[PDB]
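Student: Please see the structure below; I have some questions.
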Amino acid sequence: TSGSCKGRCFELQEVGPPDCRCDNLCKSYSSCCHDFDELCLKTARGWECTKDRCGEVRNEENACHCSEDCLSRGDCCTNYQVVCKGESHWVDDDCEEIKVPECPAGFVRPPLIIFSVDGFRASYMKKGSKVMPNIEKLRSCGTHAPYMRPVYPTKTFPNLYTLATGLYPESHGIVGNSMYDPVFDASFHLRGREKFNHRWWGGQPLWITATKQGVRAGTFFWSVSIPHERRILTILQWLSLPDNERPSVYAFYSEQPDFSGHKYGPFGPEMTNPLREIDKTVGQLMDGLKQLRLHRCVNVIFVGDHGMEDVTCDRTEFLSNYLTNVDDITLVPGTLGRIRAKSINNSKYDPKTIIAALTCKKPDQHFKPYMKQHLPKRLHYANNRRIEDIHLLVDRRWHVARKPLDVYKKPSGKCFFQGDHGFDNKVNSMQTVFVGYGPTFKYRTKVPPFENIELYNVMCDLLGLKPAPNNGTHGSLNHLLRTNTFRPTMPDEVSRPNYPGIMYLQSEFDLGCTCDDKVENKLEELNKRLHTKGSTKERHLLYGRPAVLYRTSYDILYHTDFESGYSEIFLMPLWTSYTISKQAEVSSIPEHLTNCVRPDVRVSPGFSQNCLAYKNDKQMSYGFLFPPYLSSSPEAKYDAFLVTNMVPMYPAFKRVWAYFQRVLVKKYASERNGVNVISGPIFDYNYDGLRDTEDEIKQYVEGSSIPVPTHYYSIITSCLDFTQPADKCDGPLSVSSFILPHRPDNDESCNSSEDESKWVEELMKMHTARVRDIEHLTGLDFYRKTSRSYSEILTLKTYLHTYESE
Ligand SMILES: *[C@@H]1O[C@H](CO)[C@@H](O[C@@H]2O[C@H](CO)[C@@H](O[C@@H]3O[C@H](CO[C@H]4O[C@H](CO[C@H]5O[C@H](CO)[C@@H](O)[C@H](O)[C@@H]5O)[C@@H](O)[C@H](O[C@H]5O[C@H](CO)[C@@H](O)[C@H](O)[C@@H]5O[C@H]5O[C@H](CO)[C@@H](O)[C@H](O)[C@@H]5O)[C@@H]4O)[C@@H](O)[C@H](O[C@H]4O[C@H](CO)[C@@H](O)[C@H](O)[C@@H]4O[C@H]4O[C@H](CO)[C@@H](O)[C@H](O)[C@@H]4O)[C@@H]3O)[C@H](O)[C@H]2NC(C)=O)[C@H](O)[C@H]1NC(C)=O
Ligand SMILES: CC(=O)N1CCN(c2ccc3ncn(Cc4cn(Cc5ccc(C#N)c(F)c5)nn4)c(=O)c3c2)CC1
Ligand SMILES: [Ca+2]
Ligand SMILES: [Ca+2]
Ligand SMILES: [Cl-]
Ligand SMILES: [K+]
Ligand code: NA
Ligand SMILES: [Zn+2]
């Protein structure tokens with residue numbers, strides 16, 4: 001319909017119908033005024049000043065200007081000062097530290113510009129360095145990480161909306177580039193108009209956070225037909241607006257190098273040019289800022305959404321080769337797989353039969369099926385109705401498809417893609433980039449790799465905003481910044497522990513347990529009391545006891561070899577802590593102690609587990625949190641069989657756990673010069689990544705109130721300087737953790753029929769976790785007493801050990 005864009009080009013506030021629009025998204029909606037192209041998308045004379053244009057009389061038809069009034073008008077070509085005034089390109093100036101913001105009068109805060117690049121793999125920073133001098137200058141003069149970890153799936157929309165919200169895709173709702181919502185009965189796709197509907201997009205993205213708190217924000221989306229040079233000129237024009245109208249945060253988005261990467265693979269010879277072109281665009285922005293005297297005022301973030309892997313048509317696994325009944329399913333295909341029934345509310349569709357037909361069927365099978373609740377917890381990819389129950393994790397370099405006709409399209413199936421992304425977010429080729437440059441970022445500083453969910457908090461800090469609740473750990477990235485507005489502090493402990501002494505006589509217990517412990521001194525009797533009272537506690541609890549951050553009733557139990565926090569509600573430890581030195585020796589469970597379980601005289605029969613329940617439950621067995629194999633003496637070993645150290649374990653899981661405890665702990669202590677281990681149960685029956693309350697538990701040991709954990713964790717800490725033993729470390733710490741699913745079969749591990757040395761450790765690596773992940777799942781807070789700064793501890797708690805090569 002009707003109206004004009006005269007005096008409205010790239011207006012910031014979008015107008016409602018039936019009035020026509022002139023903002024940077026109007027093209028997407030087909031709702032621009034009829035003169036939008038003519039007035040707002042000028043192209044005459046290209047994007048660069050030449051010597052003969054210098055001082056020209058202003059011609060309003062030109063794309064940009066070289067006339068003398070152009071600085072005052074805000075619309076010079078970005079190279080104006082270089083061609084027409086003897087100025088140097090930004091890239092050609094030496095790095096000079098920006099100690100304080102150097103902003104024109106009227107700038108109330110340094111603006112933030114987010115420059116996002118689609119498909120920019122982390123290793124492009126080294127491999128394309130010779131063709132990206134503007135980017136290489138940002139990177140070396142500012143703050144950079146060797147790589148930034150994306151979220152899963154390593155697709156465009158989930159990651160860019162994660163960047164804007166600090167939320168996992170399960171929480172923000174953009175769980176893929178394609179998705180079907182069974183409540184909406186509608187599908188979201190990269191291409192098309194459904195994605196414009198606000199109903200898909202949850203959380204509070206940065207532009208909304210900013211606006212609600214009185215900080216003006218540019219649009220983060222761009223119509224695809226607006227060329228990059230015009231996006232840049234538009235941002236530079238918005239930056240010349242009056243103080244009261246000017247945004248403080250700006251976003252530029254590039255579809256490259258992703259668009260070429262898909263055609264040519266991540267390192268195709270055709271990739272050099274798209275990298276040169278992105279660099280040139282960075283150059284334009286920086287020259288533009290320098291003309292406006294804003295180059296030592298603005299904070300610039302150069303950030304990618306994901307990397308890019310070599311993927312061709314012939315590396316496609318077809319479901320039709322596994323299932324006889326493939327027309328019964330709908331598959332979301334590609335570098336991940338999501339399966340649901342073709343016919344909604346079809347009662348005779350069995351996910352269990354589909355999973356079974358897809359499990360370990362071909363020796364080199366290039367995907368693994370999972371019920372979504374069994375996916376590695378580090379992916380946080382389950383708590384959303386748009387995530388199908390059945391998920392296929394696809395090997396890097398591979399695709400999955402339903403039938404061959406979906407891939408090999410008529411006439412005779414030519415391929416025409418050599419690159420793709422979307423795989424597991426720990427995969428090297430999916431890693432992407434982060435550089436921060438400006439007064440608020442540090443000068444010439446490397447920082448360790450970190451996750452993109454953390455940036456939202458930092459952007460809010462950069463803008464003086466209070467972040468909406470999100471999945472970052474605020475303070476974990478304080479080390480990126482010259483000046484921090486946020487001072488993290490430890491959460492307050494909610495429940496204080498009881499410290500029970502000996503309160504019960506053996507004959508008060510009727511637990512159906514037995515142990516051969518009657519076997520067989522004044523000197524070694526005070527020593528026993530000392531231990532039960534906390535004398536070895538500084539050895540086994542190295543970083544203070546974990547804080548309990550919810551209301552509950554629990555006891556601290558001390559022993560020679562380990563300390564625990566025992567829950568009277570869940571009838572088992574919430575945590576068990578012990579230190580194993582490089583010198584410690586592994587021993588066996590003596591014959592006469594094979595089935596030994598001992599009542600704990602500090603803990604009431606009524607708050608204890610019982611052996612009878614385990615006897616009666618033909619599916620469920622038990623294991624121990626502190627391992628008897630690692631007892632310091634035959635006498636201390638009796639403590640490991642206390643009923644208060646016992647936890648429910650499926651026989652299939654006991655294979656995993658026993659190998660970890662008997663073989664792997666000692667190997668880690670050898671490799672790391674001692675380790676401290678904290679282990680415990682996790683209950684997450686509604687798969688939301690958060691500690692279950694007792695009324696959420698769906699499974700108990702038969703005929704008891706003993707709840708069955710969904711997972712078991714361990715956090716394994718040592719000295720970063722491994723020349724110092726774990727128990728006498730003066731400096732920073734080193735951690736690796738896992739959250740192992742507690743499953744009644746080893747179907748996940750295709751080699752599980754073999755010896756544990758051939759599969760267990762591979763499983764654990766797959767289920768590697770951050771300390772922070774375990775904290776959410778347990779309501780515990782770790783590392784309460786160290787000699788390290790809290791910001792450093794927050795970084796340590798966000799660390800993920802990925803087991804990739806470098
Ligand atoms: C990662 O970080 C995030 C963010 O911190 C964590 O996610 C949060 O987790 C909380 C606990 O699970 C959860 O609290 C819920 O919230 C319920 C209200 O939810 C709606 O409103 C939310 C707030 O909106 C306002 O603020 C934001 C600023 O952030 C603005 O942008 C808004 O516009 C508002 O001004 C809102 O965020 C939330 O969004 C979800 O749902 C949307 C609409 O469908 C989606 O678009 C969106 O993507 C979100 O979807 C996710 O989250 C939902 C669960 O909320 C989930 O189902 C989806 O799969 C997806 O993951 C809503 O619009 C509130 O009703 C709840 O209270 C009930 O339970 C509590 C205790 O659990 C009781 O104390 C309480 O009394 C009440 O019980 C009653 O109601 C029950 C039904 O729920 C009923 O059964 C019972 O019998 C009782 O009657 C509860 O507080 C937050 O909503 C959630 N936020 C987000 C964004 O996801 C996340 O946990 C972190 N992950 C990890 C691993 O740490
Ligand atoms: C939540 C919200 O307010 N809305 C309103 C506007 N809706 C909308 C409207 C017009 C549009 N025109 C073009 N494109 C292409 C495109 C891709 N990208 C990369 C990118 C950039 C930023 C984020 C974020 N966050 C992202 F997810 C993807 N930018 N433009 C869009 O996706 C698009 C989306 C989306 C829903
Ligand atoms: Ca992308
Ligand atoms: Ca839960
Ligand atoms: Cl997807
Ligand atoms: K049993
Ligand atoms: Na198996
Ligand atoms: Zn892509």
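Convention: chains lettered A, B, ... in structure tokens order; per-chain residue numbering from 1; ligands numbered from 1 as shown.
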Using backbone DSSP assignments, extract all strand (DSSP E) residues from range 227-364 of chain A; output them as number ranges by chain.

Tutor: A: 249-257, 299-304, 309-310, 316-318, 329-332, 336-341

Student: Can you pull out every residue with an atom within 8 Å of ligand 2? Use only C-alpha atoms and all ligand atoms and format it as a PyMOL selection string.

Tutor: chain A and resi 25-29+116+118+156-165+190+193+195-198+200-202+205+220-224+251+253-255

Student: Just the selected residues (N, CA and C atoms), exported as a short mmCIF file (atom, residue, chain, number, x, y, z; two decimals), in the first residue's frame, please.

Tutor:
data_model
loop_
_atom_site.label_atom_id
_atom_site.label_comp_id
_atom_site.auth_asym_id
_atom_site.auth_seq_id
_atom_site.Cartn_x
_atom_site.Cartn_y
_atom_site.Cartn_z
N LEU A 25 14.24 -4.29 7.72
CA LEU A 25 13.55 -5.55 7.46
C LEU A 25 12.36 -5.45 6.52
N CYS A 26 12.03 -4.26 6.02
CA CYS A 26 10.80 -4.15 5.20
C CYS A 26 10.80 -5.08 3.96
N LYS A 27 11.96 -5.21 3.30
CA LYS A 27 12.07 -6.12 2.14
C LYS A 27 11.60 -7.53 2.49
N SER A 28 11.95 -8.02 3.68
CA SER A 28 11.64 -9.41 4.09
C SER A 28 10.17 -9.68 4.13
N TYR A 29 9.43 -8.64 4.48
CA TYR A 29 7.99 -8.68 4.63
C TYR A 29 7.24 -8.28 3.33
N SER A 116 28.82 -10.28 13.24
CA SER A 116 28.70 -11.75 13.27
C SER A 116 28.90 -12.34 11.89
N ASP A 118 28.82 -15.82 9.64
CA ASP A 118 28.25 -17.13 9.53
C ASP A 118 29.30 -18.13 9.03
N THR A 156 22.87 -22.19 12.36
CA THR A 156 22.86 -20.74 12.35
C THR A 156 21.90 -20.12 13.35
N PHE A 157 20.61 -20.39 13.18
CA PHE A 157 19.61 -19.76 14.04
C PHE A 157 19.74 -20.11 15.54
N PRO A 158 19.97 -21.41 15.87
CA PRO A 158 20.13 -21.71 17.28
C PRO A 158 21.32 -20.96 17.87
N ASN A 159 22.43 -20.85 17.13
CA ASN A 159 23.57 -20.21 17.73
C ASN A 159 23.49 -18.69 17.79
N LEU A 160 22.95 -18.09 16.76
CA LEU A 160 22.87 -16.63 16.80
C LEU A 160 21.83 -16.20 17.83
N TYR A 161 20.74 -16.95 17.99
CA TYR A 161 19.78 -16.56 19.02
C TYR A 161 20.33 -16.88 20.43
N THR A 162 21.17 -17.91 20.56
CA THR A 162 21.91 -18.15 21.80
C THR A 162 22.81 -16.96 22.10
N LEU A 163 23.51 -16.43 21.09
CA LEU A 163 24.41 -15.30 21.31
C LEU A 163 23.62 -14.13 21.93
N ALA A 164 22.44 -13.86 21.35
CA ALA A 164 21.59 -12.77 21.76
C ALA A 164 20.88 -12.96 23.11
N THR A 165 20.78 -14.20 23.63
CA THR A 165 19.98 -14.47 24.85
C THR A 165 20.74 -15.05 26.04
N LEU A 190 14.57 -22.13 7.68
CA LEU A 190 15.47 -21.04 7.26
C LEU A 190 14.80 -20.09 6.28
N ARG A 193 8.39 -17.43 5.70
CA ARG A 193 7.89 -16.37 6.55
C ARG A 193 7.46 -16.81 7.96
N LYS A 195 9.14 -18.22 10.34
CA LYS A 195 10.20 -17.77 11.25
C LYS A 195 10.05 -16.32 11.72
N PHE A 196 9.25 -15.52 11.00
CA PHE A 196 8.98 -14.12 11.41
C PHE A 196 8.02 -14.03 12.60
N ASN A 197 7.21 -15.07 12.81
CA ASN A 197 6.28 -15.08 13.92
C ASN A 197 7.02 -15.14 15.29
N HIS A 198 6.75 -14.17 16.15
CA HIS A 198 7.38 -14.10 17.46
C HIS A 198 7.12 -15.30 18.35
N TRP A 200 7.79 -18.38 18.06
CA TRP A 200 8.90 -19.35 18.12
C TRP A 200 10.00 -18.93 19.10
N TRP A 201 10.15 -17.62 19.31
CA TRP A 201 11.35 -17.03 19.91
C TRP A 201 11.18 -16.66 21.37
N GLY A 202 11.73 -17.48 22.26
CA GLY A 202 11.57 -17.29 23.71
C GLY A 202 12.73 -16.51 24.29
N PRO A 205 16.08 -11.42 24.21
CA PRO A 205 17.33 -11.12 23.53
C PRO A 205 17.86 -9.72 23.90
N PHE A 220 18.89 -6.65 14.99
CA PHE A 220 19.97 -7.64 14.74
C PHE A 220 19.82 -8.46 13.46
N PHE A 221 18.64 -8.40 12.85
CA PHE A 221 18.34 -9.13 11.59
C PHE A 221 18.56 -8.16 10.42
N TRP A 222 18.85 -8.70 9.22
CA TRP A 222 19.04 -7.89 8.00
C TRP A 222 18.36 -8.60 6.82
N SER A 223 17.67 -7.82 5.99
CA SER A 223 17.11 -8.36 4.74
C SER A 223 18.24 -8.76 3.84
N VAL A 224 18.11 -9.94 3.24
CA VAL A 224 19.25 -10.56 2.58
C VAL A 224 19.69 -9.76 1.34
N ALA A 251 24.25 -4.31 15.23
CA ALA A 251 24.65 -5.68 14.86
C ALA A 251 24.81 -5.70 13.35
N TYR A 253 25.53 -8.54 10.27
CA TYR A 253 25.56 -9.98 10.03
C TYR A 253 26.05 -10.25 8.62
N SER A 254 26.98 -11.19 8.47
CA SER A 254 27.42 -11.65 7.18
C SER A 254 27.03 -13.13 6.95
N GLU A 255 26.41 -13.44 5.80
CA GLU A 255 26.07 -14.80 5.39
C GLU A 255 27.31 -15.58 4.93
#

Student: Residues at most 6 Å from ligand 7, using only C-alpha atoms and all ligand atoms? Could they come as a ChimeraX atom specification?

Tutor: /A:746-752

Student: Would you list the residues that come within 6 Å of ligand 1? Count only C-alpha atoms and all ligand atoms and give the answer as a ChimeraX atom specification.

Tutor: /A:167,170-173,201-204,383-385,468-471,689-690,776

Student: Of the candidates A:617, A:684, A:194, A:87, which shows the shortest atom-to-atom distance to ligand 4, using only C-alpha atoms and all ligand atoms?

Tutor: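 Selected residue with least distance to ligand 4: A:684.
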
Student: Using only C-alpha atoms and all ligand atoms, determine which residues fall within 9 Å of ligand 5, then list them as a VMD selection string.

Tutor: chain A and resid 153 to 155 158 175 to 179 189 332 to 338 422

Student: For a test of reading the model, state the distance in Å between CA of residue 308 in chain A and CA of residue 121 in chain A, rounded to one decimal.

Tutor: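 Separating CA of residue 308 in chain A from CA of residue 121 in chain A is a distance of 5.9 Å.
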
Student: Per residue of chain A within 10 Å of ligand 6, note the shortest atom pair and the distance in Å to one decimal, counting only C-alpha atoms and all ligand atoms, and order the rows by chain and increasing residue number, as a tab-separated table.

Tutor:
residue	atom	partner	partner_atom_place_in_ligand_line	distance
A:611	CA	ligand 6	1 (K)	9.1
A:612	CA	ligand 6	1 (K)	8.9
A:613	CA	ligand 6	1 (K)	7.6
A:614	CA	ligand 6	1 (K)	4.4
A:615	CA	ligand 6	1 (K)	4.7
A:616	CA	ligand 6	1 (K)	6.0
A:617	CA	ligand 6	1 (K)	4.4
A:618	CA	ligand 6	1 (K)	4.3
A:619	CA	ligand 6	1 (K)	5.5
A:620	CA	ligand 6	1 (K)	4.4
A:621	CA	ligand 6	1 (K)	4.3
A:622	CA	ligand 6	1 (K)	7.8
A:648	CA	ligand 6	1 (K)	9.2
A:649	CA	ligand 6	1 (K)	9.1
A:650	CA	ligand 6	1 (K)	8.3
A:651	CA	ligand 6	1 (K)	8.5
A:701	CA	ligand 6	1 (K)	8.8
A:702	CA	ligand 6	1 (K)	9.1

Student: For chain A versus ligand 4, which residues have an atom no more than 7 Å away, and what is each residue's nearest atom pair and distance in Å rounded to one decimal, using only C-alpha atoms and all ligand atoms, chain-then-number order, as a tab-separated table?

Tutor:
residue	atom	partner	partner_atom_place_in_ligand_line	distance
A:683	CA	ligand 4	1 (Ca)	6.6
A:684	CA	ligand 4	1 (Ca)	3.9
A:685	CA	ligand 4	1 (Ca)	5.7
A:686	CA	ligand 4	1 (Ca)	5.0
A:687	CA	ligand 4	1 (Ca)	5.5
A:688	CA	ligand 4	1 (Ca)	4.9
A:689	CA	ligand 4	1 (Ca)	5.7
A:690	CA	ligand 4	1 (Ca)	4.2
A:691	CA	ligand 4	1 (Ca)	4.7
A:692	CA	ligand 4	1 (Ca)	4.1

Student: Which residues are near residue 595 in chain A? Cut-off 10 Å, only C-alpha atoms, ignore same chain within fewer than 6 positions. Put them as a list in words.

Tutor: residues 513, 514, 515, 516, 589, 611 and 641 of chain A

Student: Please save N, CA and C atoms of the selected residues as a PDB file, in the first residue's frame.

Tutor:
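Result file out.pdb:
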ATOM      1  N   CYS A 513      21.307 -56.934  56.005  1.00  0.00           N
ATOM      2  CA  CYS A 513      22.676 -56.876  55.530  1.00  0.00           C
ATOM      3  C   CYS A 513      23.552 -57.812  56.337  1.00  0.00           C
ATOM      4  N   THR A 514      24.643 -58.267  55.754  1.00  0.00           N
ATOM      5  CA  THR A 514      25.613 -59.099  56.484  1.00  0.00           C
ATOM      6  C   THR A 514      27.022 -58.672  56.095  1.00  0.00           C
ATOM      7  N   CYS A 515      27.957 -58.841  57.018  1.00  0.00           N
ATOM      8  CA  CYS A 515      29.351 -58.578  56.731  1.00  0.00           C
ATOM      9  C   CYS A 515      30.241 -59.385  57.681  1.00  0.00           C
ATOM     10  N   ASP A 516      31.346 -59.905  57.157  1.00  0.00           N
ATOM     11  CA  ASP A 516      32.306 -60.649  57.961  1.00  0.00           C
ATOM     12  C   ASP A 516      33.315 -59.676  58.592  1.00  0.00           C
ATOM     13  N   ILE A 589      38.837 -56.264  46.608  1.00  0.00           N
ATOM     14  CA  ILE A 589      37.845 -56.573  47.610  1.00  0.00           C
ATOM     15  C   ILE A 589      38.114 -58.028  48.059  1.00  0.00           C
ATOM     16  N   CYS A 611      19.556 -53.982  52.586  1.00  0.00           N
ATOM     17  CA  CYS A 611      20.013 -54.998  51.643  1.00  0.00           C
ATOM     18  C   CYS A 611      18.876 -55.828  51.085  1.00  0.00           C
ATOM     19  N   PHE A 641      32.475 -50.243  52.973  1.00  0.00           N
ATOM     20  CA  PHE A 641      31.266 -51.057  52.921  1.00  0.00           C
ATOM     21  C   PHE A 641      30.119 -50.572  53.808  1.00  0.00           C
TER      22      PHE A 641
END

Student: Please identify every residue of chain A that has at least one atom no farther than 7 Å from an atom of ligand 8, counting only C-alpha atoms and all ligand atoms, and for each give the shortest atom pair and the distance in Å to one decimal, arranged by chain then increasing number, as a Markdown table.

Tutor:
| residue | atom | partner | partner_atom_place_in_ligand_line | distance |
| --- | --- | --- | --- | --- |
| A:119 | CA | ligand 8 | 1 (Zn) | 6.0 |
| A:155 | CA | ligand 8 | 1 (Zn) | 6.8 |
| A:156 | CA | ligand 8 | 1 (Zn) | 6.5 |
| A:258 | CA | ligand 8 | 1 (Zn) | 5.0 |
| A:259 | CA | ligand 8 | 1 (Zn) | 6.3 |
| A:262 | CA | ligand 8 | 1 (Zn) | 6.3 |
| A:420 | CA | ligand 8 | 1 (Zn) | 6.2 |
| A:421 | CA | ligand 8 | 1 (Zn) | 6.3 |

Student: Limited to N, CA and C atoms, could you put the picked residues into a file as a CSV table (one decimal), in the first residue's frame?

Tutor:
chain,number,residue,atom,x,y,z
A,119,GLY,N,29.5,-19.2,9.8
A,119,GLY,CA,30.3,-20.4,9.2
A,119,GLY,C,31.8,-20.1,9.3
A,155,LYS,N,24.1,-25.1,14.2
A,155,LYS,CA,23.4,-24.4,13.1
A,155,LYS,C,23.3,-22.9,13.4
A,156,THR,N,22.9,-22.2,12.4
A,156,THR,CA,22.9,-20.7,12.4
A,156,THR,C,21.9,-20.1,13.3
A,258,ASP,N,30.0,-18.9,5.3
A,258,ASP,CA,29.1,-20.1,5.3
A,258,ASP,C,28.6,-20.4,3.9
A,259,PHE,N,28.1,-19.4,3.2
A,259,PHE,CA,27.4,-19.7,1.9
A,259,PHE,C,28.4,-20.3,0.9
A,262,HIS,N,29.6,-24.1,2.2
A,262,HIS,CA,28.7,-25.2,1.8
A,262,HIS,C,29.0,-25.7,0.4
A,420,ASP,N,29.3,-28.8,5.4
A,420,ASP,CA,28.1,-28.7,6.2
A,420,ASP,C,28.5,-28.6,7.7
A,421,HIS,N,27.6,-28.3,8.6
A,421,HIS,CA,27.8,-28.1,10.0
A,421,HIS,C,26.5,-28.4,10.7

Student: Excluding residue 340 in chain A and its own-chain neighbours fewer than 4 positions away, which residues fall within 12 Å of it when counting only C-alpha atoms? Please give them as a ChimeraX atom specification.

Tutor: /A:179-182,326-333,344-346,349-352,354-355,371-372,385-392

Student: Restricting the output to N, CA, C and O atoms, write the selected residues as a short mmCIF file (atom, residue, chain, number, x, y, z; two decimals), in the first residue's frame.

Tutor:
data_model
loop_
_atom_site.label_atom_id
_atom_site.label_comp_id
_atom_site.auth_asym_id
_atom_site.auth_seq_id
_atom_site.Cartn_x
_atom_site.Cartn_y
_atom_site.Cartn_z
N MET A 179 12.31 -26.91 12.39
CA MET A 179 11.67 -27.54 13.54
C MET A 179 10.20 -27.61 13.26
O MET A 179 9.67 -26.82 12.50
N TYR A 180 9.56 -28.56 13.92
CA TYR A 180 8.11 -28.71 13.88
C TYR A 180 7.67 -28.58 15.33
O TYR A 180 8.28 -29.21 16.24
N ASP A 181 6.67 -27.72 15.56
CA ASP A 181 6.09 -27.62 16.89
C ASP A 181 4.74 -28.34 16.83
O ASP A 181 3.88 -27.95 16.03
N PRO A 182 4.57 -29.40 17.66
CA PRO A 182 3.34 -30.22 17.65
C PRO A 182 2.14 -29.50 18.25
O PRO A 182 0.99 -29.91 18.01
N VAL A 326 10.06 -47.53 6.83
CA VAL A 326 10.57 -46.17 6.79
C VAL A 326 9.53 -45.09 6.41
O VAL A 326 9.74 -43.89 6.66
N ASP A 327 8.40 -45.51 5.84
CA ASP A 327 7.35 -44.56 5.48
C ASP A 327 6.49 -44.19 6.70
O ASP A 327 5.65 -43.30 6.63
N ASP A 328 6.73 -44.88 7.81
CA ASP A 328 6.06 -44.57 9.07
C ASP A 328 6.69 -43.38 9.82
O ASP A 328 6.13 -42.91 10.82
N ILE A 329 7.88 -42.95 9.38
CA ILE A 329 8.59 -41.91 10.13
C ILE A 329 8.72 -40.61 9.36
O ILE A 329 8.65 -40.58 8.12
N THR A 330 8.87 -39.55 10.13
CA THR A 330 9.36 -38.28 9.62
C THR A 330 10.75 -38.07 10.19
O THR A 330 10.96 -38.23 11.40
N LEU A 331 11.69 -37.72 9.34
CA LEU A 331 13.05 -37.45 9.81
C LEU A 331 13.39 -36.00 9.48
O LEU A 331 13.15 -35.54 8.37
N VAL A 332 13.90 -35.25 10.48
CA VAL A 332 14.63 -34.01 10.21
C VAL A 332 16.07 -34.44 9.91
O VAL A 332 16.74 -35.00 10.78
N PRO A 333 16.52 -34.26 8.67
CA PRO A 333 17.74 -34.93 8.21
C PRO A 333 19.00 -34.09 8.32
O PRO A 333 18.93 -32.91 8.68
N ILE A 344 0.63 -38.19 13.09
CA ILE A 344 0.47 -37.75 14.51
C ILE A 344 -0.66 -38.51 15.23
O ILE A 344 -1.66 -38.88 14.60
N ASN A 345 -0.47 -38.77 16.53
CA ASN A 345 -1.40 -39.59 17.31
C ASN A 345 -1.59 -41.01 16.74
O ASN A 345 -2.60 -41.66 17.02
N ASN A 346 -0.64 -41.49 15.94
CA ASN A 346 -0.63 -42.91 15.51
C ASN A 346 -0.16 -43.80 16.66
O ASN A 346 1.02 -43.77 17.04
N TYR A 349 3.05 -46.98 16.72
CA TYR A 349 4.40 -46.58 16.34
C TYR A 349 5.25 -46.75 17.60
O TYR A 349 4.90 -46.23 18.68
N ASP A 350 6.33 -47.51 17.49
CA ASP A 350 7.08 -47.84 18.70
C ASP A 350 8.52 -47.29 18.70
O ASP A 350 9.39 -47.82 18.02
N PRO A 351 8.77 -46.22 19.47
CA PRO A 351 10.10 -45.63 19.45
C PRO A 351 11.14 -46.64 19.86
O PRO A 351 12.28 -46.58 19.40
N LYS A 352 10.75 -47.58 20.71
CA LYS A 352 11.68 -48.57 21.20
C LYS A 352 12.12 -49.52 20.08
O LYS A 352 13.28 -49.94 20.01
N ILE A 354 12.14 -48.62 16.87
CA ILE A 354 12.95 -47.80 15.95
C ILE A 354 14.36 -47.69 16.47
O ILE A 354 15.32 -47.98 15.75
N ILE A 355 14.50 -47.35 17.75
CA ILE A 355 15.83 -47.28 18.36
C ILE A 355 16.58 -48.61 18.16
O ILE A 355 17.74 -48.64 17.75
N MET A 371 17.39 -41.88 22.79
CA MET A 371 16.21 -41.20 23.28
C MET A 371 16.76 -39.86 23.78
O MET A 371 17.87 -39.83 24.35
N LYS A 372 16.01 -38.78 23.63
CA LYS A 372 16.66 -37.46 23.86
C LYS A 372 17.17 -37.29 25.32
O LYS A 372 18.20 -36.66 25.56
N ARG A 385 9.43 -29.20 23.61
CA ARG A 385 8.48 -30.08 22.92
C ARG A 385 8.80 -30.14 21.43
O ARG A 385 8.32 -31.02 20.72
N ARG A 386 9.62 -29.21 20.94
CA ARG A 386 10.09 -29.20 19.54
C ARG A 386 11.26 -30.13 19.28
O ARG A 386 11.71 -30.24 18.14
N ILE A 387 11.79 -30.74 20.34
CA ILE A 387 12.88 -31.72 20.17
C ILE A 387 12.27 -33.09 20.19
O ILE A 387 11.71 -33.49 21.20
N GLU A 388 12.36 -33.82 19.06
CA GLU A 388 11.75 -35.13 18.96
C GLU A 388 12.38 -36.10 19.94
O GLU A 388 13.59 -36.00 20.26
N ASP A 389 11.57 -37.06 20.43
CA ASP A 389 12.08 -38.08 21.37
C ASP A 389 13.28 -38.87 20.88
O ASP A 389 14.16 -39.19 21.66
N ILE A 390 13.32 -39.20 19.59
CA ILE A 390 14.42 -39.94 19.03
C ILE A 390 15.40 -39.00 18.34
O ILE A 390 15.01 -38.24 17.46
N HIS A 391 16.68 -39.07 18.73
CA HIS A 391 17.71 -38.21 18.19
C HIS A 391 18.83 -39.05 17.63
O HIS A 391 19.21 -40.03 18.24
N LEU A 392 19.39 -38.65 16.48
CA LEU A 392 20.55 -39.36 15.95
C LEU A 392 21.77 -38.44 15.99
O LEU A 392 21.74 -37.37 15.35
#

Student: Looking at A:393, A:665, A:733, A:593, which one is nearest to residue 787 in chain A, with distances taken over only C-alpha atoms?

Tutor: A:733

Student: For range 459-466 of chain A, please output as number ranges by chain all residues within 7 Å (counting only C-alpha atoms; exclusion window: fewer than 5 positions along the same chain).

Tutor: A: 210, 213, 485-486

Student: So how far away is CA of residue 773 in chain A from CA of residue 378 in chain A, in Å?

Tutor: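 That distance, rounded to one decimal, is 7.0 Å.
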
Student: Pick the closest to ligand 3 from A:150, A:500, A:488, A:74: which is it, counting only C-alpha atoms and all ligand atoms?

Tutor: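 Among the listed residues, the smallest separation from ligand 3 belongs to A:150.
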